[PDB]
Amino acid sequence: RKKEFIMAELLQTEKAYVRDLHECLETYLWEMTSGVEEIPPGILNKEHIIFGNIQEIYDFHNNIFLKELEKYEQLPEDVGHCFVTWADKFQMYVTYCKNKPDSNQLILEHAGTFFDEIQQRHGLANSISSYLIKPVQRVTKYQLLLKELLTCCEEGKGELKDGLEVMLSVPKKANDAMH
């Protein structure tokens, strides 16, 4: 029972994460790179500071990590290996976190209501701020789901402890790279 609830939550929330990053890219970012509208000079050609490497994190989850997690759906005791297999990809959350204060300040000081208007226009419940925190939330949530799997999988579950070790190492290294 419990390992199945956990795996289902891991997958459902991964899909919701991919959906969230997609929505972020195809609205807030697309309005900047599009040339549909005009962009405050304060943020012109600064989409790389606002969005950091969120495109590359999205490509990872959308192209690879959701598809590979899904293949572990009936193997929750083994899913820790998915995080070991793809550990180097998670380094791009270190990049993202480092850039996040610079993103927030530039939005604050220079974007005015440019993103609030896009939000109203598309009828999104989530602000650009709400979307851009999601990689920071997600990267610190995997370790919680792996810890829950350890509470209810056999000692045939070092195909969890190694995974959790990776997913504690990544947020700590992101934390340690902040200024």
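Note that residue numbering follows the sequence shown and begins at 1.
**Student:** Could you settle it for me: does 11-19 or 163-171 have the higher average Cα B factor in the PDB entry?
**Tutor:** Mean CA B-factor is higher for 163-171.
**Student:** Per the PDB record, is the mean Cα temperature factor higher over 131-139 or over 46-54?
**Tutor:** For C-alpha atoms only, the mean B-factor is higher in 46-54.
**Student:** Just grab whichever of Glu70, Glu148, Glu154, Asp59 has the top CA B-factor as deposited.
**Tutor:** By C-alpha B-factor in the record, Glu154 ranks first.
**Student:** Using the temperature factors in the entry, find which of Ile64, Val36, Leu144, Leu29 has the highest value at its Cα atom.
**Tutor:** The listed residue with the largest C-alpha B-factor is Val36.
**Student:** Comparing against every modelled residue in the chain, figure out the third that the C-alpha B-factor of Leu108 lands in (lowest, middle or highest).
**Tutor:** Highest third.
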